[PDB]
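Structure record follows, encoded as structure tokens.
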Amino acid sequence: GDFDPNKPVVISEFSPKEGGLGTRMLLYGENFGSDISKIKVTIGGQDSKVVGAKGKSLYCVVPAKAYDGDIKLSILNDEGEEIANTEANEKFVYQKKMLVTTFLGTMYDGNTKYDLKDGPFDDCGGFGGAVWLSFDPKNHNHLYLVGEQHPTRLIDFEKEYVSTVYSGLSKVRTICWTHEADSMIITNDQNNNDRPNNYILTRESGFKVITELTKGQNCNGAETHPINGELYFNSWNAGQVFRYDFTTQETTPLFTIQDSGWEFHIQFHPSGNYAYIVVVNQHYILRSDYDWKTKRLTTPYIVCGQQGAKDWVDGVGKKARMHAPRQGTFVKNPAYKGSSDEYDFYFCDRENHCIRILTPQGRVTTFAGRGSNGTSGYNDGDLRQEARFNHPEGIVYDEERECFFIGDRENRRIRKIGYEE
Amino acid sequence: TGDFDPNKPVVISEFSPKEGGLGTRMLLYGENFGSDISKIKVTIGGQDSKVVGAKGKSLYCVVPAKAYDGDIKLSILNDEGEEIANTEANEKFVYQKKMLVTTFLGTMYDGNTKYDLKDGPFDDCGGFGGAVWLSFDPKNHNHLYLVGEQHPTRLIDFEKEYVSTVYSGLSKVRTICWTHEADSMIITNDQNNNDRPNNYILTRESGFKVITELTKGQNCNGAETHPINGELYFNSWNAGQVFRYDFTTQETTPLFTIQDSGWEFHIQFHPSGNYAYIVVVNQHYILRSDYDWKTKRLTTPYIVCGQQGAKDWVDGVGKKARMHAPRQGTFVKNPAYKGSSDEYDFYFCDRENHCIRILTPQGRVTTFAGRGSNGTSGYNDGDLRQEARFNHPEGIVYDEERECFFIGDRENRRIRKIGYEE
Ligand SMILES: [Cl-]
Ligand SMILES: [Cl-]
């Protein structure tokens, strides 16, 4: 069918009635012509690419942001001017999905270069490192990050500004908070047993006065109990767990995990009933139940992965495989409402370039990454089909903003995972 | 064999199922339980668990309410009920909480035949004459208002745990709605004189106690404001006419007729304000009226569910579903609809079916609660579908902060609650 300029253009029906981004829509009607270049379809105020035209029908692809679902069609001349227009009587029903996007940071010269600077959200350069992410418990607009040899920085959502908190520490691994949040605990990984492993930054000083809390070699992270407030940290040498009491300033060695050279961090469940022990250099996770009577973590047991087996394998418990797991985050799952454990554990699998999910029952799945048929890279979009990370390290779930923030190391950016906006 | 031996140990070897909740029939395996049910005491999560069978090497018990910890203890007793042997299971039972119907407020006396109409604390406020429409104060989530037809407009104050009377005297109060700024409460009166008021305004400045007439009109079955643009929509039963009132110009515009004469209905807007449900109380069906954002008006309605004039109790899609005297509804955010155009379900009272129904955005009607205990009307708390009963439920509100439903259960003179086990 050829377009007739002296005849009206009409939409009789469209299908499917429902869908979202990338849905292949079929539009029935009259006098569309068969030249794709002279047809303009707008869905929800957004341009929709026409992929087929047969005079009485046309195919188009539902674009991103087409939320209103209002369908407009125009027939154009060679110069792109509208010569006929029509509108559908019914609106298309748009279902939003989750996407990986770039929240903060940028690189320039075809993503080969980046600048280390303070500045607004739109002009703050690139992040040297974001290995651990933590919100201020007293201010949900303040998101802190540590970057190993790179500075400790602040992402302020209220002012839309990125600033430097503290510079100079050789290898900052974690951030945790005292029960009253009057202090920030910064953990430094260094080989001298007479030099500090844990530092404190006080709130009253604007986190400018730094204090040595404990001394110790090769500490890969520290974490406070969310109810009783005591600090747990390690030493890589024998893979020993230490308990520090803030009131008595006493350190107690607890158990050893397994063998020498055990690089791990401890992450408590929000109830404080247990912690996951994430062994970064041995590619497996353990669970350590909390003894409320002794106010101590107890002998842990393997929950998933296999000690020393680097791979990407989804499955239950010991059948699962990972490669360099980093920070995790406890996420409230509405499907678990009423159960003993209402949370899933989402974590960065750094050398698998993806985000994994560990359920309370020990099942490991992949949430995001490894899209576009590869592993490492820099790609936004569909969580499993398109999205790619390059050594994701830090991660935090934002319950108020209903999204994830990820420290994507080689891409020098803070990535976001949330529903399209 | 199968008899308890006082000189041998009592132990638990295993139990099944490993998971369940309230009323789960558990099977315990072990040694030396005996076969006398009266001398066996099982405790699950610190709560007494009734033993229903005992065969020496096995027993049956029922998981009680509040057994959340799942720790299992067993004791063998003597004739006087004292513990003579004690054991414990190595594993904890995994308890999954469920929703229950409970009585939140109000009471009746003399075998639920009489009730007192009085102001008082939550524990001693008598019974409710009526709670046909429930509405939270948008500026104070501790203040829950109710209207009761011929009975007074009352306040349920969660902060003070007190029930008070706000206004008395109106013949048939149907609905409550609020001005966009919530400086005023709109109270709708159903009366036959066209020269007498249908809509009253209660100022916040007076604690919602001083009244003023807003509009005049006969047989109005309810009014509702647009949640974004703030204009008022109300009806007239006579021709089933919808009217639009603009607060700034004080101009009433007749909009559209639903169908035929004697159409008793209320209008309830979706939280987005993109559409409203038109609930036809005396014709047992619901319509949807899309909002035209350009003209700032509701438009020509279309049937969403139920069959005009066909009274019944039938779960189903669209016109295959049946109801009998639907009353107030409440929009509840469903986490399963995250990202979709409509994220809410519509829960409503089906007065003469004595239950709570759910209308999904796709037009499916199901039953949420009521009609338990092999009956329809009654007064029973517990399991939503197996035990719970209502008697002419009318008002309903979902409390997002307290994560529960509050229901105006007319003949039971109580405010019922639907929430998870606590
Ligand atoms: Cl892929
Ligand atoms: Cl039943």
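Each chain in the structure tokens gets a letter, A, B and so on, in the order shown; residues start at 1 in every chain, and ligands are counted from 1 in the order they appear.
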Around ligand 2, which protein and nucleic acid residues have at least one atom no more than 9 Å from it, if we count only C-alpha atoms and all ligand atoms? List them as a PyMOL selection string.
chain B and resi 370-376+385-388
Quick one: residues within 9 Å of residue 129 in chain B, only C-alpha atoms, excluding same-chain residues fewer than 5 positions away - as number ranges by chain?
B: 115-117, 148-152, 410-411, 413-414
Please, what distance in Å, to one decimal, runs between CA of residue 127 in chain A and CA of residue 154 in chain A?
11.2 Å
Near residue 155 in chain A, counting only C-alpha atoms, which residues have an atom at most 6 Å away, once you skip same-chain residues fewer than 6 positions from it, shown as a VMD selection string?
chain A and resid 142 to 143 162
Same residues, C-alpha atoms, output as an mmCIF file, in the first residue's frame:
data_model
loop_
_atom_site.group_PDB
_atom_site.id
_atom_site.type_symbol
_atom_site.label_atom_id
_atom_site.label_comp_id
_atom_site.auth_asym_id
_atom_site.auth_seq_id
_atom_site.Cartn_x
_atom_site.Cartn_y
_atom_site.Cartn_z
ATOM 1 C CA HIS A 142 24.991 11.279 53.421
ATOM 2 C CA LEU A 143 26.555 8.269 51.677
ATOM 3 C CA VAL A 162 30.805 14.942 46.180
#
What is the CA of residue 237 in chain B to CA of residue 263 in chain B distance in Å?
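We find that CA of residue 237 in chain B and CA of residue 263 in chain B lie 4.9 Å from each other.
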Taking only C-alpha atoms and all ligand atoms into account, which residues are within 8 Å of ligand 1, as a PyMOL selection string?
chain A and resi 370-374+384-386
Those residues with N, CA and C atoms, as a PDB file, in the first residue's frame please?
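Written file, result31.pdb:
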ATOM      1  N   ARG A 370      27.243  -9.348  33.444  1.00  0.00           N
ATOM      2  CA  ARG A 370      27.575 -10.390  32.465  1.00  0.00           C
ATOM      3  C   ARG A 370      26.624 -10.357  31.237  1.00  0.00           C
ATOM      4  N   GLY A 371      26.085  -9.176  30.933  1.00  0.00           N
ATOM      5  CA  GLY A 371      25.236  -8.988  29.769  1.00  0.00           C
ATOM      6  C   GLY A 371      26.067  -8.841  28.510  1.00  0.00           C
ATOM      7  N   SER A 372      25.392  -8.602  27.365  1.00  0.00           N
ATOM      8  CA  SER A 372      25.987  -8.335  26.040  1.00  0.00           C
ATOM      9  C   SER A 372      26.950  -9.512  25.658  1.00  0.00           C
ATOM     10  N   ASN A 373      26.615 -10.756  26.133  1.00  0.00           N
ATOM     11  CA  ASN A 373      27.338 -12.033  25.935  1.00  0.00           C
ATOM     12  C   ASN A 373      28.823 -12.068  26.479  1.00  0.00           C
ATOM     13  N   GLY A 374      29.173 -11.201  27.434  1.00  0.00           N
ATOM     14  CA  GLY A 374      30.529 -11.159  27.979  1.00  0.00           C
ATOM     15  C   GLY A 374      30.584 -11.104  29.484  1.00  0.00           C
ATOM     16  N   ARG A 384      20.486  -8.518  33.164  1.00  0.00           N
ATOM     17  CA  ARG A 384      21.136  -9.747  32.720  1.00  0.00           C
ATOM     18  C   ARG A 384      21.478  -9.772  31.237  1.00  0.00           C
ATOM     19  N   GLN A 385      20.692  -9.105  30.383  1.00  0.00           N
ATOM     20  CA  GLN A 385      20.886  -9.127  28.931  1.00  0.00           C
ATOM     21  C   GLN A 385      21.915  -8.111  28.405  1.00  0.00           C
ATOM     22  N   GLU A 386      22.035  -6.935  29.026  1.00  0.00           N
ATOM     23  CA  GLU A 386      22.904  -5.855  28.533  1.00  0.00           C
ATOM     24  C   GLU A 386      23.988  -5.404  29.503  1.00  0.00           C
TER      25      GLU A 386
END
Residues of chain B within 8 Å of chain A, only C-alpha atoms counted, as a ChimeraX atom specification
/B:68,94-98,335,339-341,420
Distance query residue 175 in chain B at most 7 Å, only C-alpha atoms, self and fewer than 6 positions along chain excluded, as a JSON list (two decimals) with N, CA, C and O atoms, in the first residue's frame:
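As a result, selection23.json now contains:
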[["chain", "number", "residue", "atom", "x", "y", "z"],
["B", 133, "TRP", "N", -17.93, 4.46, 57.26],
["B", 133, "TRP", "CA", -16.86, 5.06, 56.47],
["B", 133, "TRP", "C", -15.74, 5.40, 57.40],
["B", 133, "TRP", "O", -15.98, 6.02, 58.44],
["B", 147, "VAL", "N", -17.76, 7.74, 60.39],
["B", 147, "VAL", "CA", -19.13, 8.25, 60.34],
["B", 147, "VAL", "C", -20.02, 7.02, 60.49],
["B", 147, "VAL", "O", -19.61, 5.94, 60.09],
["B", 187, "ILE", "N", -18.31, 16.20, 55.27],
["B", 187, "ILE", "CA", -19.25, 15.20, 55.79],
["B", 187, "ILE", "C", -20.49, 15.24, 54.90],
["B", 187, "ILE", "O", -21.08, 16.30, 54.71],
["B", 188, "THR", "N", -20.86, 14.09, 54.32],
["B", 188, "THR", "CA", -21.98, 13.95, 53.40],
["B", 188, "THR", "C", -23.20, 13.31, 54.08],
["B", 188, "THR", "O", -23.08, 12.22, 54.66],
["B", 222, "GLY", "N", -22.80, 10.00, 49.00],
["B", 222, "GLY", "CA", -21.39, 10.18, 49.24],
["B", 222, "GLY", "C", -20.75, 11.22, 48.37],
["B", 222, "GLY", "O", -21.23, 11.53, 47.28],
["B", 223, "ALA", "N", -19.63, 11.78, 48.87],
["B", 223, "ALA", "CA", -18.84, 12.77, 48.16],
["B", 223, "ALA", "C", -17.36, 12.39, 48.29],
["B", 223, "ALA", "O", -16.99, 11.62, 49.19]]
How would you write, as a VMD selection string, the set of residues in range 192-339 of chain A that DSSP gives as helix (DSSP H, G or I)?
chain A and resid 317 to 319 334 to 336
Excluding same-chain residues fewer than 3 positions from residue 417 in chain B, what lies within 6 Å of it counting only C-alpha atoms, as a list in words?
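Here the qualifying residues turn out to be residues 101, 102, 103, 104, 405 and 406 of chain B.
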Residues at most 12 Å from residue 402 in chain B, counting only C-alpha atoms, excluding those fewer than 4 positions away in the same chain, as JSON, numbers by chain?
{"B": [141, 142, 158, 397, 398, 406, 417, 418, 419, 420, 422]}
Taking C-alpha atoms for each residue, export the selection above as a PDB file, in the first residue's frame.
ATOM      1  CA  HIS B 141      -1.993   9.441  61.121  1.00  0.00           C
ATOM      2  CA  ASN B 142      -2.855   8.960  64.840  1.00  0.00           C
ATOM      3  CA  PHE B 158      -4.132   6.075  68.595  1.00  0.00           C
ATOM      4  CA  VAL B 397      -9.380   1.474  55.716  1.00  0.00           C
ATOM      5  CA  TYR B 398      -5.875   0.108  55.099  1.00  0.00           C
ATOM      6  CA  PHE B 406      -9.601  -1.607  60.219  1.00  0.00           C
ATOM      7  CA  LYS B 417      -8.533  -5.632  62.611  1.00  0.00           C
ATOM      8  CA  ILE B 418      -6.792  -7.730  59.905  1.00  0.00           C
ATOM      9  CA  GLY B 419      -3.026  -7.962  60.333  1.00  0.00           C
ATOM     10  CA  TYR B 420      -0.166 -10.455  60.919  1.00  0.00           C
ATOM     11  CA  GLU B 422       2.047 -10.288  66.885  1.00  0.00           C
TER      12      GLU B 422
END
Any idea what's packed within 9 Å of residue 50 in chain A, counting only C-alpha atoms, ignoring anything in its chain fewer than 5 positions away? Could you give it as a list in words?
residues 36, 37, 39, 40, 41, 58, 59, 60 and 61 of chain A
Between CA of residue 185 in chain A and CA of residue 261 in chain A, what is the distance, to one decimal in Å?
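We find that CA of residue 185 in chain A and CA of residue 261 in chain A lie 23.6 Å from each other.
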When DSSP works through the backbone of this structure, what residues of range 315-361 of chain B end up as strand (DSSP E), shown as a PyMOL selection string?
chain B and resi 316-317+326-333+344-350+355-359
Expected file contents, prior selection, C-alpha atoms, as an mmCIF file, in the first residue's frame:
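See result-v8.cif below for the written result:
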data_model
loop_
_atom_site.group_PDB
_atom_site.id
_atom_site.type_symbol
_atom_site.label_atom_id
_atom_site.label_comp_id
_atom_site.auth_asym_id
_atom_site.auth_seq_id
_atom_site.Cartn_x
_atom_site.Cartn_y
_atom_site.Cartn_z
ATOM 1 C CA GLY B 316 -14.347 -14.206 39.033
ATOM 2 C CA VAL B 317 -13.233 -11.795 36.275
ATOM 3 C CA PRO B 326 -20.627 -3.350 48.154
ATOM 4 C CA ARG B 327 -19.743 -0.559 50.605
ATOM 5 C CA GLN B 328 -16.408 1.245 51.331
ATOM 6 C CA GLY B 329 -13.213 0.230 49.517
ATOM 7 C CA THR B 330 -9.522 0.919 50.167
ATOM 8 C CA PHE B 331 -6.557 1.074 47.690
ATOM 9 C CA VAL B 332 -3.736 -1.182 48.940
ATOM 10 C CA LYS B 333 -0.209 -1.095 47.407
ATOM 11 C CA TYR B 344 -2.679 -1.030 43.945
ATOM 12 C CA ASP B 345 -5.453 -3.539 44.591
ATOM 13 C CA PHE B 346 -8.902 -2.393 45.710
ATOM 14 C CA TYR B 347 -10.193 -4.091 48.930
ATOM 15 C CA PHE B 348 -13.843 -3.512 49.722
ATOM 16 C CA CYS B 349 -16.641 -4.533 52.083
ATOM 17 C CA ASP B 350 -19.295 -6.768 50.524
ATOM 18 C CA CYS B 355 -16.816 -10.502 53.695
ATOM 19 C CA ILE B 356 -13.924 -8.420 52.305
ATOM 20 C CA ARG B 357 -13.331 -8.669 48.564
ATOM 21 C CA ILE B 358 -10.315 -7.760 46.413
ATOM 22 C CA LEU B 359 -10.639 -6.109 42.958
#
